[PDB]
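Asker: sequence plus experimental coordinates follow:
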Amino acid sequence: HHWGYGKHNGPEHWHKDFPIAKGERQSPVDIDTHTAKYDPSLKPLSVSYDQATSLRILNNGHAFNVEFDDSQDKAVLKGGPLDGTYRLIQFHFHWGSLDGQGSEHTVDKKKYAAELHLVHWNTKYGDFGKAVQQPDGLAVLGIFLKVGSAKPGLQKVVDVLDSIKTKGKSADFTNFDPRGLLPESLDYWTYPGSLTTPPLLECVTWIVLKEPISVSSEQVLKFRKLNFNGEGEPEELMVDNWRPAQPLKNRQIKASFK
Ligand SMILES: [C]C1=[C][C]=C([B]([O])([O])[O])[C]=[C]1
Ligand SMILES: [Zn+2]
């Protein structure tokens with residue numbers, strides 16, 4: 001498959017190879033804050049990242065992934081809408097060419113400058129590959145980024161990007177603390193959806209935090225210097241690697257708050 005974000009291979013084309021792109025539970029969506037309802041059945045959300053063990057950072061030609069050792073019981077997400085325990089495997093971002101766009105989810109149609117996705121798989125299914133054959137296989141914690149003050153906890157990611165400029169490059173990336181990317185509040189919206197890139201599998205419980213984190217203009221500018229292309233190929237800046245909002249269909253978005 002040769003999908004991407006361009007005019008000739010972008011989101012409007014994905015359905016030809018991945019017909020699930022026009023499915024009943026696709027992501028992202030617009031979160032209409034007035035239609036989302038507080039759900040008192042939601043349990044407290046638990047983000048337990050104290051033993052998170054990052055290993056590596058990879059430019060995969062679509063974004064960059066910070067990968068974790070998920071071989072033991074170590075950085076997990078539980079509670080909220082979730083039954084059981086979901087283990088962190090990687091995080092990545094989606095971002096824009098301009099500060100006015102870049103997020104995948106929108107909030108009352110507002111687009112943020114970027115969106116962080118912390119990807120977790122349901123341990124009852126044993127591995128990520130089996131989890132993505134299940135309707136409750138994955139949980140993704142989504143966090144909006146706005147441009148303002150720098151995020152100190154992001155700077156180690158920013159600083160390593162020079163070593164993974166092009167598709168297929170990786171670098172050791174140990175001892176990174178993903179707690180440094182979390183906002184003060186865990187208030188969230190939740191709904192059932194999908195991966196936002198091919199293969200677009202409908203296996204995700206989305207947990208989208210209401211409070212954005214702030215990053216500096218210089219931090220996001222460094223993201224925009226990455227390349228979609230491989231080394232020695234014509235330069236295509238890695239920008240606008242976001243899928244737009246998809247039809248909500250027969251879903252309800254629930255709020256954890258108020
Ligand atoms: C394999 C994979 C994992 C997560 C995502 B995303 O964008 O939905 O977080 C897309 C694809
Ligand atoms: Zn993502």
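Answerer: Yes, it's here. Numbers count the residues shown, from 1 in each chain. Ligands and ions are numbered 1, 2, ... in the order given.
Asker: okay, now residue 146: neighbour count?
Answerer: 16 (other C-beta atoms under 10 Å). Where you see a C-beta, it was placed from the backbone N, CA and C, and this is true even at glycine.
Asker: for it, which non-adjacent residue is closest in space?
Answerer: residue 212 (4.7 Å; C-beta to C-beta, 6 or more residues apart in numbering).
Asker: isn't that neighbour up against residue 145?
Answerer: Yes - using C-beta atoms under 8 Å, residue 212 makes contact with residue 145 at a distance of 6.1 Å.
Asker: what is the neighbour count of residue 183?
Answerer: Quick note: residue 183 (other C-beta under 10 Å) scores 15 neighbours.
Asker: my read is it is in a strand, agree?
Answerer: No - counting by DSSP: H, G, I helix; E, B strand; the rest coil, residue 183 falls outside a strand, being coil.
Asker: and it, what is it in contact with?
Answerer: Residues near residue 183 by C-beta atoms under 8 Å, 6 or more residues apart in numbering: 143, 209, 211, 212, 213.
Asker: now do the phi/psi pair for it.
Answerer: Dihedral pair for residue 183: phi -70, psi 170, per degrees, to the nearest 10.
Asker: next one: it from ligand 1, what distance?
Answerer: Remark: distance between residue 183 and ligand 1 (C-beta to the nearest ligand atom, to the nearest Å) = 18 Å.
Asker: go on, residue 70?
Answerer: Separation of residue 70 from ligand 1 (C-beta to the nearest ligand atom): 13 Å.
Asker: what about the spatially most distant residue from the centre of the chain, distance to residue 90?
Answerer: Note on the chain: the largest C-alpha distance from the chain mean falls to residue 232, namely 28.6 Å (C-alpha atoms, centre = their mean). In this view, residue 232 and residue 90 are 27 Å apart by C-beta to C-beta, to the nearest Å.
Asker: what's the helix or strand hosting residue 118 packed up against?
Answerer: Counting by DSSP states H and E, the element that carries residue 118 is strand 114-122. Applying 3 or more C-beta pairs under 8 Å, 6 or more residues apart in numbering; DSSP states H and E, one finds that strand 114-122 contacts strand 76-79, strand 86-95, helix 128-131, strand 138-147.
Asker: out of the ones you listed, nearest to residue 105?
Answerer: strand 138-147 (6.0 Å; C-beta to C-beta).
Asker: so which residues make contact with the following helix or strand past the closest one?
Answerer: Going down the chain from strand 138-147, the next helix or strand is helix 155-160, by DSSP H and E. Residues outside helix 155-160 that contact it (C-beta under 8 Å, 6+ apart): 57, 66, 171, 173, 176, 219, 222, 223.
Asker: residues in contact with the second one?
Answerer: By C-beta under 8 Å, 6+ apart, the contact list for residue 66 reads 54, 56, 57, 90, 91, 92, 157, 173, 176, 178.
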